[PDB]
There are 2 protein chains.
Amino acid sequence: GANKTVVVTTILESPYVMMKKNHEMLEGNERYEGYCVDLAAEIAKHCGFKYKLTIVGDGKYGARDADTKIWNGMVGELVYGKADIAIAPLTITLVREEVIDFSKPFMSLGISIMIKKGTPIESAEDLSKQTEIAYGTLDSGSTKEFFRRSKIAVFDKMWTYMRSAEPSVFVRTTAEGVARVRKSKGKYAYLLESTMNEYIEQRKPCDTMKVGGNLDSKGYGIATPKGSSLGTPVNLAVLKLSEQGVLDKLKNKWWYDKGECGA
Amino acid sequence: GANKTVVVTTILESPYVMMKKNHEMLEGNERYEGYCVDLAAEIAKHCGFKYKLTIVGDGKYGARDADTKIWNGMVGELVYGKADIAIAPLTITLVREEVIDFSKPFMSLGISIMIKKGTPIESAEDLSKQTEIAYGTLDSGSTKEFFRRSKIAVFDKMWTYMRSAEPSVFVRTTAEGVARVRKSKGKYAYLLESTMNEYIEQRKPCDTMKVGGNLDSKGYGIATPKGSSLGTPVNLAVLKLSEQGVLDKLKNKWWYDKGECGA
Ligand SMILES: NC(=O)c1c(NC(=O)Cn2cc(CO)c(C(F)(F)F)n2)sc2c1CCCC2
Ligand SMILES: N[C@@H](CCC(=O)O)C(=O)O
Ligand SMILES: N[C@@H](CCC(=O)O)C(=O)O
Ligand SMILES: [Li+]
Ligand SMILES: [Li+]
């Protein structure tokens, strides 16, 4: 039928989507800012749709419960028909690809290590061979699943430690992991995507650092319910935006034009 | 109907597909080796098909003629029904995505600069601001199209020079560009994908180098004719291989276990 206003699910994750400081003064899409707010506007312009930004109710990316088989997060909003499209730093994974459609990637990333400056850790192997510095991941996301599923010795060692560590090493939001790095005096390291790590490294108080090579190599895609008619035009818009350099412009806008820690 | 032997189109490009030194002694798929030969075997195993490797007749990646609208290269073999799948370092681009299907990417890359060691060039901006050192790209590929289409000032300057330079700066194969870098005493620089650049930098005679940041950020996908029933299983196999670390293993096998230029 006729075109309808598209419900966009997204997540508060800096610098992809952030509440504007003065958001209580504002209405609708204007409340938010960030890389994915700008991306949404570009994809909607190129595909010719009107849209409403909504923040995922449960604050999660999307995982399936092993007992109930119910999807949560942004993936769940798509699967159950609550949103029409997810425009967020949503990692392309096998499990997710089987239940939703993804565009080609709009940004690349890998899992990485964040430390408080001066922590004596340079690698995942170093984490795995000691115990004084605790380490963990986000819940309900792809980084947790990476460790849980890994058959690679160093990552399996790390998961075996993380799943049983007390107190819990897992966090509900990225911001919580960063806060824990910052407040734990070098005794917590956080495993998170390179894109988020690199953003935070250039924010005040400039007390974190990315160390080591990335652990994997993957990407974020725009997600639609399986078989949706938005899938094909959204995919072509991501490739056009990539080829026009708009994705690179946006990355510079929100990472390194935002840098507060000098050159 | 019943499963049939799958015709794979690919291209001789090191270290993705190479003739084994003793290939005249060998038959069929056994003649070839490389990252994409190993990838083909893995994708065929995971998808349950038998296959035949074939080298693209015309030795091209795939471009459309602006007059005739005919596709050449591996893209053409897919479009015209001569091959069932392309398993090669085939860049995901808008123009191509409109006519064939691509898996999610199996490797990431960007356009990059190769120099003979000691050449006084550190960047694309440096190339663009001088004339003593000639520079060019491969024909019938995505790097040429990147420059031809760019509205970015430095890249448009470079294309304006390249399209009219005499003698021609363009090459028919990667190997030809490398040979030209090596033989031109620092007076030719070659624009090529980072993956190929980094491979060649670790091969004897160890006289080339990658300089500068990548110019773009993209990926290679496995390609199938539009609407083919191999598309979905091939895409899931690429994601499973990525998540199992097989893609990373293969990259180390063919890049850095193959390195001849020391540590
Ligand atoms: N900008 C990108 O990240 C990008 C790419 N990024 C990647 O290829 C990174 N990446 C690697 C993998 C393998 O795991 C993935 C995947 F598979 F997760 F999709 N993304 S491919 C590509 C683009 C832009 C549009 C053209 C094609
Ligand atoms: N991008 C991740 C969330 C962050 C993480 O797991 O580190 C996902 O899509 O699940
Ligand atoms: N990967 C390229 C060929 C190499 C290049 O253009 O530098 C293509 O798919 O056209
Ligand atoms: Li999917
Ligand atoms: Li396509």
Side-chain angles (χ1 to χ4, degrees), chain A residues 11 13 16 60-63 72-75 86 88-97 102-112 114 136-147 170-171 173-174 177 190-197 214-221 223 232 235-248 250-251, chain B residues 75 78-79 90-110 142 195 214 216-228 231 235-236 238-248 251:
Chain A
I11 192 163
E13 182 78 75
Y16 296 96
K60 299 181 180 162
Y61 285 88
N72 69 22
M74 291 176 283
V75 179
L90 183 67
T91 303
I92 300 164
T93 68
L94 177 65
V95 65
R96 292 169 178 168
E97 180 73 286
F102 282 107
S103 68
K104 295 301 187 297
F106 66 79
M107 190 171 303
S108 66
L109 69 300
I111 296 166
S112 71
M114 176 186 290
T137 79
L138 186 69
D139 279 335
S140 302
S142 56
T143 296
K144 196 175 177 190
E145 183 65 2
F146 172 90
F147 289 95
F170 302 110
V171 300
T173 69
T174 306
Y190 187 52
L191 289 152
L192 82 170
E193 291 168 339
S194 58
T195 41
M196 306 182 191
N197 200 354
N214 288 352
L215 292 57
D216 64 0
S217 301
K218 56 204 175 183
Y220 300 143
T232 290
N235 183 54
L236 300 174
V238 169
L239 298 176
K240 184 146 174 193
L241 294 166
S242 171
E243 294 180 359
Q244 288 180 158
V246 172
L247 305 180
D248 291 319
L250 289 178
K251 177 84 183 278
Chain B
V75 179
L78 295 179
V79 168
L90 183 67
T91 303
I92 300 164
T93 68
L94 177 65
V95 65
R96 292 169 178 168
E97 180 73 286
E98 291 163 2
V99 301
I100 55 183
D101 291 342
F102 282 107
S103 68
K104 295 301 187 297
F106 66 79
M107 190 171 303
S108 66
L109 69 300
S142 56
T195 41
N214 288 352
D216 64 0
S217 301
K218 56 204 175 183
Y220 300 143
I222 314 289
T224 47
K226 213 164 174 191
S228 162
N235 183 54
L236 300 174
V238 169
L239 298 176
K240 184 146 174 193
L241 294 166
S242 171
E243 294 180 359
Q244 288 180 158
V246 172
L247 305 180
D248 291 319
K251 177 84 183 278

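Here is how names work: the chains are called A, B, and so on, in the same order as the sequence lines, proteins then strands, and each is numbered from 1. What you see below is based on every heavy atom in this structure, not just the backbone, and it leaves out hydrogens, waters and symmetry mates. Read the numbers this way: they start at 1 and go in the same order the structure lists the ligands and their atoms.
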Between A:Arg96 and A:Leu90, is there a donor-acceptor pair closer than 3.5 Å when you use the side chain of the first and the backbone of the second?
-> no

Taking N or O atoms only and a 3.5 Å limit, does B:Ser242 qualify as a polar contact for ligand 1?
-> yes

Which option out of A:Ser142, B:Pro105, A:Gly110 puts a heavy atom nearest to atom 7 (C) of ligand 1?
-> B:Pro105

With under 30° as parallel and over 60° as perpendicular, where do the rings of A:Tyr16 and A:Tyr220 fit, or are they tilted in between?
-> perpendicular

A:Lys144/A:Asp139 salt bridge by N-O under 4.0 Å criterion | yes

Any N or O on A:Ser217 sitting closer than 3.5 Å to an N or O of ligand 1?
-> yes

So, is B:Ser108 polar-close to ligand 1, with some N/O to N/O distance under 3.5 Å?
-> no

Any donor-acceptor pair under 3.5 Å linking the side chain of A:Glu13 with the backbone of A:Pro89?
-> no

CE-OG1 distance between A:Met114 and A:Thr174, expressed to the nearest 0.5 angstrom = 8.5 Å

Near B:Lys104 (heavy-atom distance under 4.0 Å), the atoms of ligand 1 are 17 (F), 19 (F)

In the protein, which heavy atom is nearest to atom 22 (C) of ligand 1, and how far is it?
-> B:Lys218 CA, 3.5 Å

Which atom names give the shortest non-hydrogen contact between A:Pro105 and A:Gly219, and what distance separates them?
-> CB-CA, 4.2 Å

What part of A:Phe106 sits under 4.0 Å from ligand 1 if we count only heavy atoms: the side chain, the backbone, both or neither?
-> backbone

A:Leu239 and ligand 1 - part of the residue with a heavy-atom distance under 4.0 Å = side chain

Protein residues having a heavy atom less than 4.0 Å from any atom of ligand 2 | A:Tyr61, A:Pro89, A:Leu90, A:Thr91, A:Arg96, A:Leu138, A:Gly141, A:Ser142, A:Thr143, A:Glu193, A:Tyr220

So which bit of A:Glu243 gets within less than 4.0 Å of ligand 1, heavy atoms only: side chain, backbone, both or neither?
-> neither

Distance filter under 4.0 Å to A:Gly219 heavy atoms, resulting ligand 1 atoms = 15 (C), 18 (F), 20 (N)

Return yes when atom NZ of A:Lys240 has more than 12 non-hydrogen atoms of other residues, nucleotides or ligands closer than 6.0 Å, and no otherwise.
-> no

